[PDB]
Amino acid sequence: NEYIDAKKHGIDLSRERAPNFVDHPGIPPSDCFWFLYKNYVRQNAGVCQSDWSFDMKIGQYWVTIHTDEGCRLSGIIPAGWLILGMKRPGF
């Protein structure tokens, strides 16, 4: 499991500072947070939509991240990188 490995290396999503994001006018708010790590060090964080996917640059690679209805993330990501999802508080 990818969260247990992350927990072993001192990562705790409940203690991560919130992503720096805005809710844009005229589109639905994103209901998931994601946190991106290289060798278990947070590089960035953002928001995404549950039950959906997005494309993002992880290291040197363009990759699809799949987001299930519980904000759990899946996809093929480059060695040394880790991306973890959670429900945005209130959603």
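The first residue of the shown sequence is 1; numbering continues from there.
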{"item": "Segment of higher mean CA temperature factor, 44-52 or 24-32", "value": "24-32"}
{"item": "Higher-scoring stretch by recorded Cα B factor average, 5-13 or 66-74", "value": "5-13"}
{"item": "Third assignment of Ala18 from its chain's C-alpha B-factors", "value": "lowest"}
{"item": "Among modelled residues of the same chain, the CA temperature factor third for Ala79", "value": "highest"}
